[PDB]
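Here is the structure we will look at.
Letters go in sequence order (proteins before strands), and every chain restarts at 1.
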Amino acid sequence: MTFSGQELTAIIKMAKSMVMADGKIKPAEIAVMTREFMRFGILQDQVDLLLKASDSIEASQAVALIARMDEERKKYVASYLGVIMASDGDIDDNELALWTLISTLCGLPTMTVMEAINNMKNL
Amino acid sequence: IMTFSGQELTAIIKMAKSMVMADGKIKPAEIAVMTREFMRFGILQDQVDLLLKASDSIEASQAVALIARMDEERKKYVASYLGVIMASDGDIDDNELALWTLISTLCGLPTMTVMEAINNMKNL
Amino acid sequence: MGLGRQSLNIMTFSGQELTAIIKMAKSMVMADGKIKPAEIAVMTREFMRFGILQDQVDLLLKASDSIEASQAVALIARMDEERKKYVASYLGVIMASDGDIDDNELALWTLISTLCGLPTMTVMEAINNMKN
Amino acid sequence: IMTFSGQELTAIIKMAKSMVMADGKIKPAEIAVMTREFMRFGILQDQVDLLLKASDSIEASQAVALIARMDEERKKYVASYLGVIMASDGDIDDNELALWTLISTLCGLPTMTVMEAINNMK
Ligand SMILES: [Mg+2]
Ligand SMILES: [Mg+2]
Ligand SMILES: [Mg+2]
């Protein structure tokens, strides 16, 4: 599972869009977003670079870039978005809803939070 | 007069369905606003029903693409329409506003207050 | 002419019974994972026949999200047969369109009725009970 | 074997019964799965008719309550069992899926795919 700089900028764009939706400051959730993204196999500083790059692209362009991925790559993008909002393995109703919406628009497969966690472990 | 093609109106209702279904619950208030205010895009009840059916045959990613390429004035009214769906008595709750914000972000729509959305729709 | 002692009855439902009714209706219509705005409108319009004011409907609907489907079943299952018949009639008219119900809809209505202990009826008998 | 009590096995067959009767058609292939899989809860083949008959003594709503109160591990096996009954070659049609989901919702059972149910049982 390789990804271009453009594709990684899209993926982090989706994570950013999702976590900003509720307007709240949530330190642990941002830290999951940043730590787990490294499982794609960049370093922390590269995650920070890519996140700042994402400010310069349209979220709608990110949608398009993601939606054209093969199913294997989409499975792990969905798994990554799923683990972000997990707390002790649980997500609440409003979090599942957001994960569900961005998944639908991106054409991503449906999964449980347990599957998303198990997916990010094998990566 | 503001006009929208059939594929654009299909994309719009796809977005509305995706939004109101996101939490896996039916809130009849939201489905009633969804179908009534959709008429303000210049269509009859019979066309609304057709388009709801039409939307099942498109991918939500296709709908995103169709909306995101729209001019700013039209995106303004799509954002507004999505806003009034989730609103009640001029108020939006947190969970619902989070969903409206996210879908707006993904579709390239302008941010607005709920007051603004309600007033925009009164002008169509 | 002899008139006749008068007998009055009123069909009554507790708040949690009403919440249960609407939770059963939601569960039935979500089963196939699709939303039909027409079925939802009949659902809310005909719910009023249960004896509530329009402005109470929204909060009862909101109360339904805080209860388990399994608890709504327990609450319906223990009703007397007259009230069960009315609940079954209600569920039966939600998915009917022009007094007809397709086989899949009929199956869903049959299954929920079985689980809640409601009487079996045709969609015609459903539609009449609700009209009076 | 996932362990259930006698009164639980009674509730489970009552739910499988309710589900397969919903459309008015009692398909031998489905009854075969209903039979073969229930054996994996520690019931001999000849005994499935006995449990089915024992289920006449309880109402469907009482079966619902016996299932709704079970722990999440027991629930998983109940949902998986109900899911495989109407499946064919690993697939389930849209109508069958709608029936499985309604009964799962009413019994407070977890959502799963037909593939999960198959592998849970296997
Ligand atoms: Mg909803
Ligand atoms: Mg439906
Ligand atoms: Mg059958």
Result for ring pair (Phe, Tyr, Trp, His ring centres under 6.0 Å) between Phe37(A) and one of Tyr76(A), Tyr80(A), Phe3(A) points to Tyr80(A)
Worked verdict on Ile76(C) versus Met24(C) for side-chain contact (heavy atoms from CB on, under 4.5 Å):
CA-CA 9 Å; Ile76(C) 298 310; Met24(C) 294 295 91; 4.3 Å; yes
If I compare all heavy atoms of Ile1(D) with all of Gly42(D), which pair ends up nearest, and what's the gap?
CD1-CA, 3.6 Å
Any heavy-atom pair between the side chains of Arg49(C) and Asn132(C) that's under 4.5 Å?
yes
Apply side-chain contact (heavy atoms from CB on, under 4.5 Å) to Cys106(A) and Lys74(A), showing your working.
CA-CA 9 Å; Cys106(A) 292; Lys74(A) 293 175 141 181; over 6 Å; no
So how far is it from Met70(D) CE to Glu8(D) CD, rounded to the nearest 0.5 Å?
7.0 Å
Under 4.5 Å between any side-chain heavy atoms of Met21(D) and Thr114(C), yes or no?
no
Taking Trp109(C) for the side chain and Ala88(C) for the main chain, is one N or O donor matched with an acceptor at less than 3.5 Å?
yes
Using 0.5 Å steps for rounding, measure from the CD atom of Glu95(A) to the OG atom of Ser87(A).
7.5 Å
In this structure, are over 12 heavy atoms from other groups packed under 6.0 Å from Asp93(A) atom CG?
no
Taking atom CE of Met124(C) as the centre, report whether more than 12 heavy atoms of other residues, nucleotides or ligands fall under 6.0 Å from it.
no
Distance-only donor-acceptor hits, side chain of residues 43-60 of chain D, under 3.5 Å, sequence neighbours excluded:
unit_1: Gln47(D); atom_1: OE1; unit_2: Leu44(D); atom_2: N; d: 3.0
unit_1: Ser55(D); atom_1: OG; unit_2: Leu52(D); atom_2: O; d: 2.5
unit_1: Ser57(D); atom_1: OG; unit_2: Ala54(D); atom_2: O; d: 2.7

Would you say that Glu29(A) contacts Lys24(A) through its side chain, given a criterion of any heavy-atom pair below 4.5 Å between the two side chains?
no
More than 12 foreign heavy atoms under 6.0 Å from CZ of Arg35(A): is that the case here?
yes
Could you go step by step and tell me if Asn94(A) and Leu98(A) meet the side-chain contact (heavy atoms from CB on, under 4.5 Å) rule?
CA-CA 6 Å; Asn94(A) 47 244; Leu98(A) 294 165; 5.7 Å; no
Could you walk me through whether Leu108(A) and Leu81(A) pass the side-chain contact (heavy atoms from CB on, under 4.5 Å) check?
CA-CA 10 Å; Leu108(A) 306 178; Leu81(A) 290 175; 4.2 Å; yes
Pairwise side-chain contact, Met43(C) with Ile22(C), heavy-atom cut-off 4.5 Å (strictly under):
yes
Say you draw a straight line from CE of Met120(A) to CD of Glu36(A); how long is it, rounded to the nearest 0.5 Å?
5.0 Å
Kindly indicate whether the side chain of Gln71(C), heavy atoms from C-beta on, has any atom under 4.5 Å from the side chain of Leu75(C).
yes
I want to check a possible cation-pi pair here: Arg83(C) against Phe13(C), using under 6.0 Å from ring centre and within 45° of the ring axis as the test.
yes
Within this structure, what is the CD1-OG distance for the pair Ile12(D) and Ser5(D), rounded to the nearest 0.5 Å?
8.0 Å
Applying salt bridge (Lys or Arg N to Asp or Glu O under 4.0 Å) to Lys75(A) and not counting sequence neighbours gives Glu72(A)
Would you give the length of the straight line joining atom CE of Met19(D) to atom OG1 of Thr110(C), rounded to the nearest 0.5 angstrom?
14.5 Å
The single option from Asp100(C), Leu111(C), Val123(C), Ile101(C) passing side chain to side chain contact (heavy atoms under 4.5 Å, CB included) against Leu106(C):
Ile101(C)
Going by an N to O cut-off under 4.0 Å, is there a salt bridge joining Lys26(A) and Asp22(A)?
yes
Considering residues at least two apart in sequence or located in another chain, which fulfil the side-chain contact (heavy atoms from CB on, under 4.5 Å) criterion with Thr110(A)?
none
Reported CD1-to-CG distance for the pair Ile112(C) and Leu106(D), which is rounded to 0.5 angstrom
5.0 Å
State, with a plain yes or no, whether a side-chain heavy atom of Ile35(C) is found less than 4.5 Å away from one of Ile40(C).
no
